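Trainee: First, the structure itself, so that you have it in front of you.
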Amino acid sequence: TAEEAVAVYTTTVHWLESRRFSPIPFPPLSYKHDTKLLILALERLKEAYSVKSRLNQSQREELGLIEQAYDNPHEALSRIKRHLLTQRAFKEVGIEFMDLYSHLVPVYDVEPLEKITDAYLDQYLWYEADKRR
Amino acid sequence: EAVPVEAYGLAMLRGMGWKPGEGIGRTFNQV
Amino acid sequence: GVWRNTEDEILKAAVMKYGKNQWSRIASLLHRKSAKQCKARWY
Amino acid sequence: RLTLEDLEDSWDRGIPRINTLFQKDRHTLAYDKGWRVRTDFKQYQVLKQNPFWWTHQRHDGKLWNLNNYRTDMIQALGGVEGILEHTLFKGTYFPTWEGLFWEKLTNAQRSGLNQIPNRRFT
Amino acid sequence: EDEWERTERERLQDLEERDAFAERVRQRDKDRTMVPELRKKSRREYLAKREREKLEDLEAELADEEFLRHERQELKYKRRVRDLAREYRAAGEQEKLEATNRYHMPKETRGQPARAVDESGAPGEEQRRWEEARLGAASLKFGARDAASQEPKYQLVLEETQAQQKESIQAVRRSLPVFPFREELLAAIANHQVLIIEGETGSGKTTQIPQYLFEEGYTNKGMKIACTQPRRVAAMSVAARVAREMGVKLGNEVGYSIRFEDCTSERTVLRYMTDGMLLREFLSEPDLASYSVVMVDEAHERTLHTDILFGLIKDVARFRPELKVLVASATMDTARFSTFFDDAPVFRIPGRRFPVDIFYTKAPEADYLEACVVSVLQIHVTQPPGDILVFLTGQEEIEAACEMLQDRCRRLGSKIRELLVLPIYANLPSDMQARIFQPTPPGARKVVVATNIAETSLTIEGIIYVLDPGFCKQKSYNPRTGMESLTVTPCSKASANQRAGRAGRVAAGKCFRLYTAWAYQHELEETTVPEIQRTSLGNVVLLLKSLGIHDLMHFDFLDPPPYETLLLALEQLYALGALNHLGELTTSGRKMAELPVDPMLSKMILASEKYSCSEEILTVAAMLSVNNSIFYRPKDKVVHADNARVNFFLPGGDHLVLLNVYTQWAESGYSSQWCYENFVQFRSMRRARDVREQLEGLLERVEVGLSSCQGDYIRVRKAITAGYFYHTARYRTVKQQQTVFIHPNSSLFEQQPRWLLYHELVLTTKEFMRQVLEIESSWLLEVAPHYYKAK
Amino acid sequence: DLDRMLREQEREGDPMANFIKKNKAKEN
Amino acid sequence: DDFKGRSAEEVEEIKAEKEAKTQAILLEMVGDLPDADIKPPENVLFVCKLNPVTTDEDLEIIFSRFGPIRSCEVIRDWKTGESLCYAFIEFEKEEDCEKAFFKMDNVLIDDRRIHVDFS
Amino acid sequence: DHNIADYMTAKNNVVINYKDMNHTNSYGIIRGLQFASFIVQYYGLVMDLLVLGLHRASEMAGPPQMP
Amino acid sequence: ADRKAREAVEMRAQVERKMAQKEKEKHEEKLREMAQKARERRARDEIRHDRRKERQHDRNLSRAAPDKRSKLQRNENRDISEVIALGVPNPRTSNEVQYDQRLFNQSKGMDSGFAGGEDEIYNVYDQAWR
RNA sequence: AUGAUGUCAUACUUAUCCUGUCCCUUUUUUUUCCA
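The listed protein sequences derive, respectively, from chains V, L, B, C, E, S, A, W and X.
Position 60 of the first sequence, counted from 1, bears residue number 861 in the authors' numbering, the numbering being contiguous throughout.
Position 27 of the second sequence, counted from 1, bears residue number 186 in the authors' numbering, the numbering being contiguous throughout.
Position 26 of the third sequence, counted from 1, bears residue number 34 in the authors' numbering, the numbering being contiguous throughout.
With the authors' numbering applied, the fourth sequence corresponds to residues 1402 to 1504, 1517 to 1535, in that order.
With the authors' numbering applied, the fifth sequence corresponds to residues 161 to 193, 223 to 257, 264 to 313, 318 to 359, 384 to 953, 959 to 1019, in that order.
Position 16 of the sixth sequence, counted from 1, bears residue number 545 in the authors' numbering, the numbering being contiguous throughout.
Position 86 of the seventh sequence, counted from 1, bears residue number 283 in the authors' numbering, the numbering being contiguous throughout.
Position 44 of the eighth sequence, counted from 1, bears residue number 1045 in the authors' numbering, the numbering being contiguous throughout.
With the authors' numbering applied, the ninth sequence corresponds to residues 298 to 340, 352 to 438, in that order.
Written out as structure tokens, the structure reads:
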């Protein structure tokens, strides 16, 4: 509807002004722990490919992109802030499931560069929400 | 700035001489 | 990631020959190009 | 200064496991927030299932020890000599068991089961 | 050379005449180029300036009073009123602070949003942040915050003379070894005017010899007593020790004047400085007639400015009938210094010492970083007491030695206890340097591994066991190819003996030599070569020319410098706009010696105001005069410092990169947190901004303004290239004919260019290019066209 | 580790050390 | 009520007056200027940006071209009497003092453009 | 920041694909995103605000200065 | 509704800033009463006056030539901490918590040791067997 | 009518070759201020 969402929006504004919340800004170009947040995002991304199996071409492509961002952090940070400024069109996502024999749970499939961008972005916003509590 | 005006100090140093401490090249047990 | 005009003409000829549903058959022709990249570059 | 004997007895006590306070990457581990729900959406991102979604070997530490269980599990089997009587040990003619140590391509199929280590186990 | 000093004095009066002419030009240029509302604005501004001036002077005068009944009540009232003022201004600032601290959502902006300013405490605080983060994640409690109720609280019933301190201070002063010999000391001082006084360490010579002159009354007529030192830190150590020997605070009769620390309140008897201020009031004073008797620091440090000072002291001995000058000395190598001053007498002082048996290895080895580890494990299994000092020769191997020794320490648990090992560097923050000076724990056998800092400058407490391999790097410069090779050399026998003196400075020494006693006695060096035969004189040829000497290679010295260094310095000065066809300094040649930077860096100033851009290249000339190297990249971390340095990178060489470093450090509060998070040493570039302040101050004497071209950095590089014409290269140096190699720490390590200048020619492993900048050899041909031919 | 044994026994709960601490607090 | 709703330059001058007010409160609580309104003796010009090559009676006579000075007193050093480039010229009238301040400011006397304002 | 919020909005407006299944997600959420855990916790937080109410939520959290 | 909430946040911030300014004025009045209490409480001397005159003339000299005023601003207390520790003999306090290096990095690792599901890659035993 | 000319990709040649680098020390002058 309209007025229910408007009332929830107004109550959200009221609680946000009640909690004195300084808002999370855009990520700065020279952040003090952007390297360390990229290290944590690289840990999160390299958690999946820790098996060192035969893989396939897309998995080896993603591992090569991971090692490219591992070698050059600064170009990756500039590209991430560039996509956060500019990129509002993204690739399509694949989908699949696994069966747990009582229900099915989906697994999505995103482009690896967008995965790296969303992982580092997730790390930055999680530390930002920690800092602002 | 000219060519022979940068060599009058070298001519004066050649007329004065060369000291063993002025560029003491370390060399011993030469053969 | 780059797209040469030779690759674009190869992709167009492979679509006009193989239809639209066949994409791994097209990606066999297009060297270092996955079927998702071929489908995204076409559509 | 804090000596070794101050926290030596309580080295692996505590839920965050006191030895974790002297970790290598613990300074850059001050920035990971919501890693529990990162694992709980990594179950939505990864097709295999993680049983250890509820713990962390770096944050929470390692929470058990099974090597004494291995030692008493060996001891409950009637001894190493009793095990080697069951196995093919005496045909090898080693003087002792203590020297023993265990250990870009294209193919038509690659997902075949390896018969060799099951054969050598047999 | 008394006429040399007279001509130097005449140069001082024509320098004062040139200063007066520039002053006359300054007031010539100055002369050539609603009334009650005006009264009200004048009074608002004047009361604002008076309010801030009294507010600035208030706690400054409370600090001045605290440095020294009704005065105590007025001091209590003054402390209370500045307390109420600071909480009043903090209350206004706090009202503004939660005026700011609101929700305040971000505005939707047309286009890109605008970035605003920020923060917290950066250096070290994140470790305690993680510690109490784990503590908050582990500790837990239940109930509300009002949960302390229902407590009965059963208690236990249980069962029913500063004058003596001053006299101890003179007893301490009586306990010196120079106190039983102070009568013979002043007897020989009154006997001879050129006296060399040698003595072993522990004698307290530098803190008692000006004292023993001070009861001798040589400082009687207002001609004060000075104390020069090779280092400012040693100068402040002697100044503080003498200052607390009499209780006379700094600024007063025990005062000092070093670079960026000139605390003299015009009452100073005992003045404390280094050799560069003896150079500066030789450049402002023709002869020390305002100094009666001045002690001389040791020649074993072998500072080039102190060797020039030795030549000036011999010229003073020729000029004055006497000054009763006296040279404090450490070791027994005073025969040449005796014969330099016309058979100068030498008085020895016995030093209180220890059994410092020099050991040996019964094997030759070429490793010296694992045999010493085996030896220090043998030290840890023999007798416990004693700190361990181990010498090495470089940062890049001493951090690897620290890493492997820490791995060997962490390989064992209760066995091998403590053994904290700390290294010493030059491009280093001083916090862990202070942690070196922190005393050892009683269960510890603390190791300070070191380079030549502990050999030459540093004496640390409690050290007994010292491992010495006797090797240090030397900056040997060969002008045959013009190449400045930094190469590791074996050290001297006297160097090993002063390292043994460092071993036995505290207790019974354990100087373990890392080679044979035969190689120590025979194969090792016995005399260190000085700096003049190892390097050039490019900073001091201009200064010795401007201080009245034209017979530079005929000037009296202990040993002459190599003539090729003087010839290349003079031909470089010909290529500079400093010398005429007759080889004499111009007005610009005199004015570039007003400021003590190199002339190769003074063509920065000579290209300044040619087409301006003066402020940028003056900042650059300030910050490239640093002694310690910039940027702090430790063992581990690596990538964070590299990413900060890459963020600092700009194209056009590393001078613009570090210019951006200093520019963004400006308007950053000049904080330690900035240099911590940007991985910069907060000791050397603070001295660089102090050099920038001093060179801003020393600009009216050369009459150059602080103009800037406001981001015309290609023209700034044009002035930089106008300075740097001799140090240029095409993959090959066009002058030295040497194949170039780019340093990995340079900003242009990749993308090898067609034309690059450089600043420095240090060989470490390859023919390295240090501090490069991109050029095209267009304006390079503009500057020194006599030097330049055939592209 | 008898030294660590007696160090733990001296840095333990130690009711007699608590009585010394409270008796000195009462006397002071 | 709220003080909001004024002009931007009005808020700027009220905040500048607030800062001057807090400086006046600061001087009053410190006690160097213990009076309330804090005002100088009127018809007394403070002379600054001076030079050590002039005279006080000559400066009063020079300032007398736009209104005569009754007396002069240079605030020199308290011990040596060195030229501190600060003077107090007590004129006969406030308008005469203001006209002398408007007619002697930026006057290069002894190679120094001296200025006159309120005391 | 509004560009970050536009990135959040455009991230979920992508096409779900499985072989010959192709349809754009526009009103569901995607749990494959890395920040999806954060925005589900934020959504559950504003559901806690809706259910508990702002006064009782302030009584939960205490003051924002001393949580 | 977003524009209305923007206006509501603006007027609420105006109200909160106005009452904060009112409380600041109340604190200014109460601490001005404390300043009048200070005024009621206030109701080598030549060497100290000479030092004050020298400091005032040095302050006016720094006003004439703008720089760091000698050892009070170029050095101050925020000088190089090496010569603050040594050239000034006064020491400082010790913050933080001190440990041993032999206990300091036995635990390490870049991530947690559960590589995904981590099922068929062994790693069930913490230490070695023998 | 076939030339000049752009770093555009592809082709080919060479029994071409399978690839290297982060400094021990160290000192350097001079000018104003409100009841």
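For each residue, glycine too, the CB sits at the ideal point set by N, CA and C.
Below 8 Å on the Cβ atoms is my contact criterion, and I expect C:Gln1444 with X:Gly421 to pass it. Report the Cβ-Cβ distance as a whole number of Å.
Mentor: One-based indexing of the fourth sequence puts residue 1444 of chain C at position 43. One-based indexing of the ninth sequence puts residue 421 of chain X at position 113. C:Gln1444 to X:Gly421, Cβ: 18 Å. No contact.
Trainee: Check the C-beta distance from E:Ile621 over to E:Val672 and give it rounded, since I have them as a contact under 8 Å.
Mentor: What you label residue 621 of chain E is simply residue 398 of the fifth sequence in a count that begins at 1. What you label residue 672 of chain E is simply residue 449 of the fifth sequence in a count that begins at 1. Correct: roughly 6 Å between the Cβ atoms.
Trainee: With H, G and I counted as helix, E and B as strand and the rest as coil, what does DSSP make of E:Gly478?
Mentor: For the purposes of this step, residue 478 of chain E is taken as residue 255 along the fifth sequence, with counting starting at 1. E:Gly478 falls in the strand class under three-state DSSP.
Trainee: Could you check which residue in V:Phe822, V:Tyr871 and V:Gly865 has the C-alpha nearest to that of W:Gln1066?
Mentor: Within the eighth sequence, numbered from 1, the residue matching residue 1066 of chain W stands at position 65. Of the candidates V:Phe822, V:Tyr871 and V:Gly865, the one whose C-alpha sits nearest the C-alpha of W:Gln1066 is V:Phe822.
Trainee: How would you call A:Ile272, buried or exposed, if buried means at least 16 neighbouring beta carbons within 10 angstroms?
Mentor: Within the seventh sequence, residue 272 of chain A is the residue found at index 75, counting from 1. Counting Cβ neighbours within 10 Å, A:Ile272 comes out exposed, since fewer than 16 surround it.
Trainee: If you run the structure through DSSP and keep just helix, strand and coil, what is E:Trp888?
Mentor: Indexing the fifth sequence from 1 puts residue 888 of chain E at position 665. Of the three classes helix, strand and coil, the one that applies to E:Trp888 here is helix, per DSSP.
Trainee: Taking 8 Å as the threshold, find out whether the region 504-520 of chain E comes into contact with the region 547-554 of chain E through three or more Cβ pairs.
Mentor: The region 504-520 of chain E is in contact with the region 547-554 of chain E.
Trainee: Using a Cβ cut-off of 8 Å (strictly closer), state whether C:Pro1452 contacts chain E.
Mentor: The count along the fourth sequence starts at 1 and reaches residue 1452 of chain C at position 51. Not one chain E Cβ lies under 8 Å of C:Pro1452.
Trainee: Counting pairs of beta carbons, one from the region 278-286 of chain E and one from the region 807-820 of chain V, are three or more of them closer than 8 Å?
Mentor: Result no; under three Cβ-Cβ pairs closer than 8 Å.
Trainee: Alpha carbon to alpha carbon, what distance is there between E:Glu406 and E:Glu468?
Mentor: Along the fifth sequence, one-based indexing puts residue 468 of chain E at 245. Along the fifth sequence, one-based indexing puts residue 406 of chain E at 183. So the two alpha carbons sit approximately 20 Å from each other.
Trainee: Answer with buried or exposed for L:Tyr167, where buried requires no fewer than 16 other C-beta atoms within 10 angstroms of its C-beta.
Mentor: The count along the second sequence starts at 1 and reaches residue 167 of chain L at position 8. The residue is exposed, with fewer than 16 neighbouring Cβ atoms inside 10 Å.
Trainee: Threshold first: 3 residues or longer. Then list the beta strand (DSSP E) segments lying entirely within the region 642-666 of chain E, N to C.
Mentor: As far as the region 642-666 of chain E is concerned, it has no whole beta strand (DSSP E) run of at least 3 residues.
Trainee: Would a check of beta-carbon distances place residue 148 of chain A closer than 8 Å to chain E?
Mentor: Residue numbering for chain A in the displayed model covers 198 to 316; residue 148 of chain A lies beyond these limits and cannot be assessed.
Trainee: Work out the CA separation of V:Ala877 and V:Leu864 for me, nearest whole Å.
Mentor: As a working mapping, residue 864 of chain V is identified with position 63 in the first sequence. As a working mapping, residue 877 of chain V is identified with position 76 in the first sequence. Each residue's Cα considered, the two are about 15 Å apart.
Trainee: Would you mind listing the beta strand (DSSP E) stretches within the region 868-900 of chain V that are 3+ residues and don't spill past its ends, in chain order?
Mentor: As far as the region 868-900 of chain V is concerned, its whole beta strand (DSSP E) runs of at least 3 residues are 894-900.
Trainee: In the structure shown, what three-state DSSP assignment does E:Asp565 receive?
Mentor: By 1-based counting over the fifth sequence, the position of residue 565 of chain E is 342. Residue state, collapsed to three classes: coil.
Trainee: What would DSSP say about E:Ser699, mapped onto helix, strand or coil?
Mentor: By one-based count along the fifth sequence, residue 699 of chain E stands at place 476. In this structure, E:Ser699 counts as strand in the three-state DSSP scheme.
Trainee: Got a sec, what are the start and stop residues for the alpha helix (DSSP H) C:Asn1469 sits in?
Mentor: Here residue 1469 of chain C corresponds to residue number 68 of the fourth sequence, with the count starting at 1. Segment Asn1468 to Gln1476, the alpha helix (DSSP H) holding C:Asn1469.
Trainee: For C:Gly1525, go through chain E and note every residue whose CB falls closer than 7 Å to its CB, in chain order.
Mentor: Translated into positions along the fourth sequence, residue 1525 of chain C becomes position 112. Under the 7 Å cutoff, chain E gives no residues; its nearest Cβ is about 41 Å from C:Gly1525.
Trainee: Please decide whether E:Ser653 counts as near chain X, where near means a Cβ-Cβ distance under 8 Å.
Mentor: Here residue 653 of chain E refers to the residue found at position 430 of the fifth sequence. Closer than 8 Å: yes.
Trainee: Any Cβ of chain W within less than 8 Å of the Cβ of V:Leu922?
Mentor: Numbered from its first residue, the first sequence carries residue 922 of chain V at position 121. It does: the Cβ of V:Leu922 has a partner Cβ on chain W nearer than 8 Å.
Trainee: E:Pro322 to E:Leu775, Cα distance in whole Å?
Mentor: As a working mapping, residue 322 of chain E is identified with position 123 in the fifth sequence. As a working mapping, residue 775 of chain E is identified with position 552 in the fifth sequence. So the two alpha carbons sit approximately 50 Å from each other.
Trainee: Which of the residues in the region 907-940 of chain E, read from start to end, lie with their CB under 8 Å from any CB of chain X?
Mentor: Listed by position, the residues of the region 907-940 of chain E near chain X (Cβ gap below 8 Å) are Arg909, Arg910, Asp913, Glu916, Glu919 and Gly920.
Trainee: Rounded to whole angstroms, what is the Cα-Cα separation between E:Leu501 and E:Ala911?
Mentor: The residue given as residue 501 of chain E occupies position 278 in the fifth sequence. The residue given as residue 911 of chain E occupies position 688 in the fifth sequence. The alpha-carbon atoms of E:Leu501 and E:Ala911 are separated by roughly 22 Å.
Trainee: Which chain S residues are close to C:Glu1406, counting only those with a beta carbon under 9 Å from its beta carbon?
Mentor: For this step, residue 1406 of chain C is matched to residue 5 along the fourth sequence. Chain S residues near C:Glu1406: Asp530, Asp532, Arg533, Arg536 and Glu537.
Trainee: Got a sec: which bits of the region 785-801 of chain E sit with their beta carbon under 7 Å from any beta carbon on chain L, in order along the chain?
Mentor: Those would be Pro785, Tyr786, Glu787, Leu790, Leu793, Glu794 and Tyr797, in chain order.
Trainee: Which class does B:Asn13 belong to by DSSP, given the choice of helix, strand or coil?
Mentor: Within the third sequence, residue 13 of chain B is the residue found at index 5, counting from 1. The answer is helix: DSSP assigns B:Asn13 an H, G or I state.
Trainee: Starting from E:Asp610 and walking both ways along the beta strand (DSSP E), at which residues does that stretch end?
Mentor: Here the question's residue 610 of chain E lines up with position 387 in the fifth sequence. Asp610 to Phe614 is the extent of the beta strand (DSSP E) around E:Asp610.
Trainee: Grab the span of the beta strand (DSSP E) containing A:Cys269 for me, first residue to last.
Mentor: Numbered from 1 along the seventh sequence, position 72 holds the residue referred to as residue 269 of chain A. Element bounds for A:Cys269: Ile266 to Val271.
Trainee: Reducing DSSP to helix, strand and coil, say where E:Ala294 ends up.
Mentor: Taking the first residue of the fifth sequence as 1, we reach residue 294 of chain E at position 99. Helix, per DSSP.
Trainee: If you pair each beta-carbon of the region 824-836 of chain E with each one of the region 861-869 of chain E, do three or more pairs fall below 8 Å?
Mentor: Because the criterion of three Cβ pairs below 8 Å is not met, the region 824-836 of chain E and the region 861-869 of chain E do not touch.
Trainee: Chain E partners of residue 243 of chain X, CB-CB under 9 Å?
Mentor: Residue 243 of chain X is absent from the structure shown; chain X starts at 298 and stops at 438.
Trainee: Give the interface partners of B:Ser42 over in chain V, defined as CB-CB distance under 9 Å, in chain order.
Mentor: As a working note, residue 42 of chain B is residue 34 in the third sequence. Going along chain V in sequence order, the residues near B:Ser42 (Cβ under 9 Å) are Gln858, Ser859 and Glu862.
Trainee: Using a Cβ-Cβ cut-off of 8 Å, state whether W:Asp1002 counts as contacting chain E.
Mentor: Residue 1002 of chain W sits at position 1 when you count from the first residue of the eighth sequence. Answer yes: the Cβ-Cβ gap between W:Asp1002 and chain E drops below 8 Å somewhere.
Trainee: If you reduce the DSSP assignment to three classes, tell me which class V:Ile825 lands in.
Mentor: By one-based count along the first sequence, residue 825 of chain V stands at place 24. In the structure shown, V:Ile825 sits in coil (DSSP, three-state: anything other than H, G, I, E or B).
Trainee: Are C:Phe1423 and X:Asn413 close, meaning C-beta to C-beta below 8 Å?
Mentor: Mapped onto the fourth sequence, residue 1423 of chain C falls at position 22. Mapped onto the ninth sequence, residue 413 of chain X falls at position 105. Against a cut-off of 8 Å, the Cβ pair of X:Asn413 and C:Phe1423 comes out as a contact.
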